[PDB]
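S.K.: Would you be able to build a 3D model of this:
(chains A and B, ligands or ions: 4)
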Number of protein chains: 2
Amino acid sequence: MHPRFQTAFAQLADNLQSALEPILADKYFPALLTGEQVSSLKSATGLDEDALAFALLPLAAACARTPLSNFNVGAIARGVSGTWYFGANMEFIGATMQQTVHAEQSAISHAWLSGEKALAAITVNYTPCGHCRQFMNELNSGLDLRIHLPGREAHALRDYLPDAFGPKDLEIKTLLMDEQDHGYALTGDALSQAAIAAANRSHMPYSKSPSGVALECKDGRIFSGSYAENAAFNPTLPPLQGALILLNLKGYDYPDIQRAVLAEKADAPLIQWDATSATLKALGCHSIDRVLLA
Amino acid sequence: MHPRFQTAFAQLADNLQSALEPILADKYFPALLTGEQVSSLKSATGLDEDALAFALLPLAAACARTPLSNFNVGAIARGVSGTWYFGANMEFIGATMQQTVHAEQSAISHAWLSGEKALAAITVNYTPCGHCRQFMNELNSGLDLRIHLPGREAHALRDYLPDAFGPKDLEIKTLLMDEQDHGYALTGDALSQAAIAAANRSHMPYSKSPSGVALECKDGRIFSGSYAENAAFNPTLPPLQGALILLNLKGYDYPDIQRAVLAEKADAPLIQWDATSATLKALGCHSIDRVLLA
Ligand SMILES: O=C1N[C@H](O)C=CN1[C@@H]1O[C@H](CO)[C@@H](O)[C@H]1O
Ligand SMILES: O=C1N[C@H](O)C=CN1[C@@H]1O[C@H](CO)[C@@H](O)[C@H]1O
Ligand SMILES: [Zn+2]
Ligand SMILES: [Zn+2]
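M.R.: Numbering: from 1, shown residues only, chains lettered A, B, ... in the order given. Ligands and ions are numbered 1, 2, ... in the order given. The protein structure is shown below:
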C-alpha cells in the first residue's frame, strides 16, 4: 500500500480495514472506487453510503499536498455512475495562491476527467470555502448537488450558496460535465495529442479559449488536464492543475514528470502559457512545449 | 467629467445630477465620496444612504473594464469613516481568469489601500459570487459585514455564507484591514520605496510572503498595491491588481503606465514575480523591476 495511506489506514475500523486492504494493497491504487467496491464495502461493514464516505475521508485526505497550510482536506465525489472519486487539496511552493487546488475541485475534476457524466453528491471533511461553492455551481448538477459534511445534515448547494451567481447570469447554457468536443485535429506525438484531446473537452464558454496540458511520466504514463472555466471567472480550473490532480491522486510525484506539453490557440484572449511554465518550473520541470490549436 | 461617466450620469435623476455635477466635473474625480459629500447628496435628494448608494451604482459600474464579459459590475464600500469608495470589476485580455478582479474586491481594497480602518457595509449591483463572499470574510468586519443588493433586503455576510470557512479555521488572528507594518526599510528611488511601503502593509499570515507593486504614470503619478492573502488561498488579492484598481478608478489607463516595480522576498514560498510581469506585459508594460525585501 502507498505509504501515503499508512497512518490513515491504521485508524480505520477493523472490518473496514479488512475490506479495504486488498484494494489499498496496490501502490497505484487510483484513489477511486467502483460501485462494486462500494457495495462490497457496505457489506463488510454495516455502513450506508453516507456513512461509508465519511468513513473514507481520511484516505482522501491522505492524498493532500500542503507544504503551506498543513491543512489536509479530503473530498469524495460520487458519480451518477456509482463510482466514487477521491479528491484532496494541493499547494505549490514557489508559485501563487491562485495556483492552489481545493479538495473539492480535485474530486470534481477527477471525476469529470475520468469520464463521469454527472455527480450526485460530494462529501468533504471540512466546510467548503466560497470559492468551491462557486466552483460547484458551474456543474450540470446545479444547486441540487448534495453536500455532505461531518456532523451536519446533508444539504443542496443552494443552501450553501444562497442567492447564487452562476452561468445563467451570463446567459451560459452549457455546463461543466455536459458533453463537449471542440473538434481540433489531434496531431504530433502522443503527448501532443493528449494535450489537444484535452483541449477538446475543455469548458470555455466565457472566454472561448480552449486549452489542455498533458504530462508524460518517467515510465511513459500520461496524465492530461482540461481547461475549465467558471462564471465568476476566478474559480476557473487551469489545465495544468487538471493533470497534476490526476498525477497526484494516481500515486505519482512531481519528480516523475518527464516532459509536458500545453495546447492552446495563439490568438486566444486568455493565455495559459506563462502560468503553466512558471508553475511547472517551480515544480522542477523545465521541459515545456506548447502546441498551437487549429 | 470623465467620459466613462457620461451615459450613466445622463440617466441619473435631475436633483441627483445637479448635486453631482460639480463633483463629477473633474476628470480625475477619484471614484470616492467623503462624508460631507454624502450629506450634501442626501439633502439635495431626499435619499437615505442605502437609497443613495443604490442610486450611485451605475457610476461605480461605469468604471468597469470588461473586454471579456461585457458584464459591468459596480460596488460601493462604505467606510466606517463615512467615506464611500467605488469599485468595479476588471478583466485583462492576454492573461488568465485568475487575474480578474471583482467589483467587490475593487471597492474593498480601494478602501483598504486608501487607509480605511474598517467597513460597515457594501452595496453591489449584482449578487456576489462565492469568491467574493469568501473574500469578504477575511476582513476584520467578519460575518457582520452588511450587504446591500438591489431589490433585496440587507443581510449580513453570514447570511450569504452559511457555515463559513475563514481565518479562524486556520488559527489566524490578524484580519484584513487590521493594522499591519512588517518593518522593511524603504530604499531606492521613489518607485522602489512605494513598492516596499506597500509590501509593508501586506496581509500574508498564511504564507508569510510580503509583496508590493508600485506603478509610475507618465505624469509621475504613483499608484501602489499591497498583497492580500485569503484563508481559502485562491481568492487572495495579488499586489499588482491592487495598483491597477487604484490606477483605473482614479481616472488613468494602462497606456499611462510608465514603469513598475515589484517588491518581495527572494526566498518566499510564494512568488509574485511571474504573474506580475506576465500580466504587466499583457497590458503593454515591459518595464518591470523587482526589488528584494530585507
Ligand atoms: O481544499 C479546501 N477546500 C475547502 O473549500 C476549504 C479550504 N480548502 C483549502 O485547504 C487549504 C487551506 O485553505 C488550501 O489548500 C485550500 O485549497
Ligand atoms: O465582479 C463581480 N462581482 C460579483 O461577485 C460576481 C461577478 N463579478 C465578475 O463580473 C464578471 C463576470 O464574472 C467578472 O469580471 C467577475 O470579476
Ligand atoms: Zn475550497
Ligand atoms: Zn465576485
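S.K.: When you work out contacts or count neighbours from here on, use the C-alpha atoms and nothing else.
M.R.: Will do.
S.K.: Run through the residues that contact residue A:67.
M.R.: Applying Cα atoms under 8 Å, 6 or more residues apart in numbering or on different chains to residue A:67 gives the contacts A:91-93.
S.K.: Cross-check the residues you listed against ligand 1 and keep the overlap.
M.R.: The subset of the contacts of residue A:67 within reach of ligand 1, by Cα under 6 Å from any ligand atom, is residue A:91.
S.K.: Kindly confirm my reading that residue A:123 forms part of a helix.
M.R.: No: Residue A:123: not assigned to a helix; according to DSSP: H, G, I helix; E, B strand; the rest coil it is strand.
S.K.: Wait, it touches residue A:151, no?
M.R.: No: between residue A:123 and residue A:151 there is no contact under Cα atoms under 8 Å: 11.5 Å.
S.K.: Same drill for the two, tell me which one is more crowded.
M.R.: residue A:123 (27 against 8; other Cα atoms under 10 Å in any protein chain shown).
S.K.: which one among the contacts of residue A:67 gets closest to ligand 3?
M.R.: Here the nearest of the contacts of residue A:67 to ligand 3, counting by Cα to the ion, is residue A:91; it sits at 12.1 Å.
S.K.: So what's the residue count around the closest one?
M.R.: Neighbours of residue A:91 (other Cα under 10 Å): 21.
S.K.: Next, give phi and psi for it.
M.R.: phi -120, psi 130 (degrees, to the nearest 10).
S.K.: give the contact list for it.
M.R.: A:65-69, A:97, A:99-101.
S.K.: Now the most centrally placed residue in chain A. Nearest residue, chain neighbours left out?
M.R.: Centroid-nearest residue in chain A: residue A:106, 2.7 Å away (criterion: Cα atoms, centre = their mean). Closest residue to residue A:106 apart from its sequence neighbours, by Cα to Cα, 6 or more residues apart in numbering or on different chains: residue A:87 at 4.6 Å.
S.K.: next one: residue A:278
M.R.: That would be residue B:274: by Cα to Cα, 6+ apart, it lies 6.9 Å from residue A:278.
S.K.: Against residue B:287, how distant is the one you found?
M.R.: 13 Å (Cα to Cα, to the nearest Å).
S.K.: try residue A:263
M.R.: In terms of Cα to Cα, residue A:263 sits 29 Å off from residue B:287.
S.K.: who's more crowded, residue B:274 and residue B:287?
M.R.: residue B:274 (16 against 13).
S.K.: roughly how far apart are that one and residue A:279?
M.R.: Counting by Cα to Cα, the gap from residue B:274 to residue A:279 is 9 Å.
S.K.: again, but for residue A:172
M.R.: 30 Å.
S.K.: name the element the closest residue to ligand 2 within chain A belongs to?
M.R.: In chain A, the residue that lies nearest ligand 2 is residue A:232 (4.0 Å; Cα to the nearest ligand atom). Per DSSP states H and E: residue A:232 is located in neither a helix nor a strand.
S.K.: now it, nearest residue through space, not along the chain?
M.R.: Nearest to residue A:232 is residue B:129, by Cα to Cα, 6+ apart, at 6.1 Å.
S.K.: so what's that neighbour up against?
M.R.: A:134, A:164-166, A:232.
S.K.: What of residue A:243?
M.R.: Applying Cα under 8 Å, 6+ apart, one finds that residue A:243 lies in contact with A:213-215, A:223-226.
S.K.: one more time with 10 Å, if that's ok
M.R.: A:109-110, A:113, A:198, A:212-216, A:222-226, A:260 (Cα atoms under 10 Å, 6 or more residues apart in numbering or on different chains).
S.K.: In strands, which of the residues you listed fall?
M.R.: Of the contacts of residue A:243, the ones assigned to strands by DSSP state E are A:212-216, A:222-226, A:260.
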